[PDB]
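>>> 3D model of this:
(2 chains, ligands or ions: 4)
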Protein chains: 2
Amino acid sequence: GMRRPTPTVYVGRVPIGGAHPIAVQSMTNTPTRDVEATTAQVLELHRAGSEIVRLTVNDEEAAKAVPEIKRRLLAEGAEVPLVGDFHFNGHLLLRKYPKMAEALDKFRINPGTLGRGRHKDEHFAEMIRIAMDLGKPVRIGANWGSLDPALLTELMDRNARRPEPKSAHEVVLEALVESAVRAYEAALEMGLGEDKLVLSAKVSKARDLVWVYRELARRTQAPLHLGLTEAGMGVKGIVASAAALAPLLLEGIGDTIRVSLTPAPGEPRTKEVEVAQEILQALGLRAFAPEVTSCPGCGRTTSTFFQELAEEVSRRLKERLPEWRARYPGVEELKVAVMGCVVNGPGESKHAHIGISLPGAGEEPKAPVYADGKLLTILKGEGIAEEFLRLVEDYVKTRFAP
Amino acid sequence: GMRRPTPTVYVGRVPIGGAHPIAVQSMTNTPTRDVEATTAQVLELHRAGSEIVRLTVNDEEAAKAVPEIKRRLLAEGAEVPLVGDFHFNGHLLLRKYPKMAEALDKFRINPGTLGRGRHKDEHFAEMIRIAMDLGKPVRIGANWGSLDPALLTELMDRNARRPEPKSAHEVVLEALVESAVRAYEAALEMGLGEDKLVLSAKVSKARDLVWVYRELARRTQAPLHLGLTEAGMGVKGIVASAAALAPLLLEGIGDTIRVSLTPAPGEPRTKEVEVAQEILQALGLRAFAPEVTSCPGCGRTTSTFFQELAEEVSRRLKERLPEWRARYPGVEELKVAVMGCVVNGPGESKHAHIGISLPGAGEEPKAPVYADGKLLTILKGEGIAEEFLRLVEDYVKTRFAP
Ligand SMILES: C[C+](CO)[C@H](O)COP(=O)(O)OP(=O)(O)O
Ligand SMILES: C[C+](CO)[C@H](O)COP(=O)(O)OP(=O)(O)O
Ligand code: SF4
Ligand code: SF4
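Numbering: from 1, shown residues only, chains lettered A, B, ... in the order given. Ligands and ions are numbered 1, 2, ... in the order given. Have a look at this structure:
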């Protein structure tokens, strides 16, 4: 289950591929024609951790805005790469607005939103030609919400000739993979470099996504852009996204990710970037920020004190991070434990860089603190929380000193 | 990647094993001695979907309370099975309080919290004897927060003799597996039935959990209780839990799950049960409630109207569910789509049972609705939301009629 080798594709300054960290990306939801709102959100997403940012380029007004958005970003020294998302008229917009084409750092094509049969091949070829002329990379991104219907008919007739035809659902997933593979092969044949081609083939159900990506990974050599499309709102969207991605990421499949959450009204667009980072950090693939390991608490602990302490520690680590990031290289790998009682508290604290085990039911009112697998001190009284946070600050300064 | 066969273990009326749905469980956080608070929370957890509920049985006052909690549950016709969580003094509490022993529906033993070496074997044997005498099932639950240190030394010396010794971390994971396996074999040898034994071996990091469970699954025949221990707070705990479980569940490993979230202060203990259900539903393993598939929205849609509609649909489905569950068998499998524009909106809506595709940028102000893969109607004007919800109600009545 080691990382799938792939050629490197640069999206701006960010390399994508088997030799590189899995890159977090996101997409804006502001109208792209609104230069102020869109530039602000691109910066917001980038500051949250979005290494690459996509924006829809849906019409001429959007196309006209892109060079000004890019100008404004550069003016503040924000080197975030921009992906243009094209559907239906990508070939017209790229042809008509060469300054937009040049301002983007990558073009997204969807093989199912090119046009009707004869025109499809030529629309696709025009986009690919422009990308080659400008040295831009392309994502060929299929999505089962926009599956090429002629290809689906071809595969439905192939399936019908089988001694045991597969289900309609299965054929749809075959067709999605085929859509991406065919387009990938067509681009290569036209001369686009392996260093300029990323593929995706998204579906909205986890088990299907796994199947699809295993097929992509086997059939192609490209870096893969992995995501569960239309994952939805709230806890459902978070859970579905994690569930879908983890099996693939653990098998070494995927070179960049996007988490497709529906924000609740008033919820920041940066939530999807947090989720993406948590997925990669949970699986030990990247480290972005200190993490807190804590027990659920049970009838052995005093629920509110323990929950308050864990919350307070997490809050403080988040407040310290900007400073820590600047002073203490490697601090993103910090593991801190906050535990409710003696059953697992010392042991889990010993597995962390530093951890505290509160006293639970039946225990003397003292809280041992462990660091690097051994007892550091024992805390008691009021301000356990502030004392522990001081010990954590001390530990960081020593362990992650430059 | 089909379901691992296992013998069936009944926990109360709930069967656990390869022939049965993966059971959702949880654990209380109230002091077990508080009969009113604990009974209330057991009912709350059970009504949220916890098919089995664990409670700590840490001391004599807790032990004395258990038969009254069980009485109170039965008095309201709540047949929820109770698992007693025992550490350090399990053998003393079960011996001293036979009415507690009989009131429980399953005993949890942790091989690392039995006692010191010589006494450990006898403590374990006493618990197992009582379980056999009463016909109770047992979980032998190892946890790396409470790993038997003598076993770890034995395995550290075995490792040191290897031509290429493994890391200390790797040896810890070996020891955790060995702890569970040895105890399982010991229980079987003493005469406890294969129909009375569930195993777990929990760690707090996802990739390690996968390794551990693949080993358990191979080395034993028991049903497995799967969970990422000490998963933590908030989005991190949710994501880590999903990430850890999905690879295993998709490979067919795991017969019951528990999600080990730390509640934020004032957050209900039922959140962990929601998360558990979302994991299983995301992976197509169980269906608990209708789900909404929605796009993230982008610069093609009007952010707030779309986000409000998706939120409103999700809210309404949740309000209708108790009634629907009673009237319309199978409704838990309902899939509804709410989509932002024409790019993926119709296609994704066609994959749902019923879905709506709002008009995005450039489009006529009309919203097609699809059901069973084909156009049902087209909505326009105000009250699109109420009209769509009426269509969904109509669709449910027809499709899931008894
Ligand atoms: C932006 C858009 C056009 O496909 C989609 O509806 C959803 O975004 P997504 O889930 O990131 O999927 P794509 O990579 O865009 O296929
Ligand atoms: C309740 C308790 C005693 O092990 C733990 O700290 C945590 O609960 P858990 O994460 O469900 O892990 P166990 O199944 O109890 O090993
Ligand atoms: S460490 Fe103690 S308080 Fe925390 S859930 Fe475990 S047993 Fe309960
Ligand atoms: S369906 Fe349309 S509005 Fe929704 S994210 Fe996709 S492209 Fe954007």
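
>>> who's in contact with residue A:109?
By Cβ atoms under 8 Å, 6 or more residues apart in numbering or on different chains, the contact set of residue A:109 is A:86, A:90, A:124, A:127, A:128, A:138, A:139, A:140, A:141, A:183. Where you see a C-beta, it was placed from the backbone N, CA and C, and this is true even at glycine.

>>> most neighbours, which of these?
residue A:140 (29 neighbours; other Cβ atoms under 10 Å in any protein chain shown).

>>> what helix or strand does it sit in?
Assigned by DSSP states H and E, residue A:140 falls within strand A:138-143.

>>> so what touches that strand?
Applying Cβ under 8 Å, 6+ apart, the external contacts of strand A:138-143 come out as A:83, A:106-112, A:127-128, A:131, A:176-177, A:179-180, A:183-184, A:187, A:192, A:196-203, A:225, A:229, B:344, B:347.

>>> which one of the contacts of residue A:109 is nearest to ligand 2?
Closest to ligand 2 out of these is residue A:141 (39.0 Å), distances taken as Cβ to the nearest ligand atom.

>>> okay, and the beta partners of the residue of chain A found nearest ligand 4?
Nearest residue of chain A to ligand 4 (Cβ to the nearest ligand atom) works out as residue A:56 at 6.3 Å. Beta-bridge partners recorded for residue A:56 (DSSP bridges): residue A:85.

>>> picking that back up, in its sheet, what does the strand holding residue A:140 sit against?
strand A:106-109 (parallel), strand A:197-202 (parallel).

>>> would you agree residue A:394 falls within a helix?
Yes. Counting by DSSP: H, G, I helix; E, B strand; the rest coil, residue A:394 is part of a helix.

>>> all strands of the stretch 301-402 of chain A, in order?
Shown for the stretch 301-402 of chain A, the strands assigned by DSSP state E, counting those that start in this stretch span residues A:335-339, A:354-357, A:367-371, A:374-379.

>>> tell me how far the longest one lies from the chain's centre.
In other words, strand A:374-379. Its chain's average C-alpha position is 38 Å from that of strand A:374-379, according to Cα atoms, centre = their mean, to the nearest Å.

>>> other residues contacting that strand?
By Cβ under 8 Å, 6+ apart, the surrounding residues in contact with strand A:374-379 are A:350, A:354, A:356, A:366, A:367, A:368, A:369, A:370, A:387, A:388, A:391, A:395.

>>> in space, what's closest to the last one - neighbours in sequence excluded?
Read it as residue A:395. Leaving aside its chain neighbours, residue A:395 sits nearest to residue A:354 (4.8 Å; criterion: Cβ to Cβ, 6 or more residues apart in numbering or on different chains).

>>> counting neighbours, what do you get for the one you found?
When neighbours are defined as other Cβ under 10 Å, residue A:354 has 21 of them.

>>> enumerate the residues of the stretch 151-300 of chain A near ligand 2.
Residues of the stretch 151-300 of chain A lying close to ligand 2 by Cβ under 6 Å from any ligand atom are A:295, A:296, A:298.

>>> which one of the residues you listed has the most neighbours?
Result: residue A:295 is most packed of those (other Cβ under 10 Å), 30 neighbours.

>>> which ones are touching that one?
With Cβ under 8 Å, 6+ apart, residue A:295 has these contacts: A:301, A:339, A:340, A:341, A:344, A:345, A:348, B:229, B:230, B:260, B:262.

>>> let me know the closest of these to residue A:312.
Set against residue A:312, the nearest of the contacts of residue A:295 by Cβ to Cβ is residue B:262 (12.3 Å).

>>> ramachandran angles for that closest one?
phi -90, psi 110 (degrees, to the nearest 10).

>>> that one contacts residue A:308, doesn't it?
No. Residue B:262 is beyond contact range of residue A:308, at 11.0 Å (criterion: Cβ atoms under 8 Å).

>>> who has more neighbours, those two?
Neighbour count, other Cβ under 10 Å: between residue B:262 and residue A:308, residue B:262 has more, with 28 against 15.

>>> which residues does that one bridge with?
Where residue B:262 sits in a bridge, its partners, by DSSP bridges, are residue B:233.

>>> what sits against it?
Each residue near residue B:262 by Cβ under 8 Å, 6+ apart is listed here: A:294, A:295, A:296, A:297, A:307, A:310, B:231, B:232, B:233, B:237.

>>> could you do residue A:77 as well?
Listed by Cβ under 8 Å, 6+ apart, the contact set of residue A:77 is empty.

>>> for residue A:43, see how far away it is.
11 Å (Cβ to Cβ, to the nearest Å).

>>> all helices for the stretch 201-350 of chain A, in order.
Taking DSSP state H, counting those that start in this stretch, the helices of the stretch 201-350 of chain A run over residues A:206-219, A:234-250, A:271-282, A:303-327, A:345-351.

>>> just so I know, which of the ones you listed lies nearest residue B:153?
Proximity to residue B:153 (Cβ to Cβ) singles out helix A:345-351 among the helices of the stretch 201-350 of chain A, at 15.0 Å.

>>> and chain B, is the closest one touching that?
Yes. Applying Cβ under 8 Å from any Cβ of the partner chain, one finds helix A:345-351 in contact with chain B at A:345, A:346, A:347, A:348, A:351.

>>> could you report the neighbour count for the closest residue to ligand 3 within the stretch 1-150 of chain A?
Closest approach between the stretch 1-150 of chain A and ligand 3, counting by Cβ to the nearest ligand atom: residue A:1, at 30.5 Å. For residue A:1, the neighbour count with other Cβ under 10 Å is 13.

>>> out of the strands of the stretch 301-402 of chain A, flag the one nearest ligand 3.
Nearest of the strands of the stretch 301-402 of chain A to ligand 3, taken as Cβ to the nearest ligand atom: strand A:335-339 at 5.1 Å.

>>> right, I'll call it a day here.
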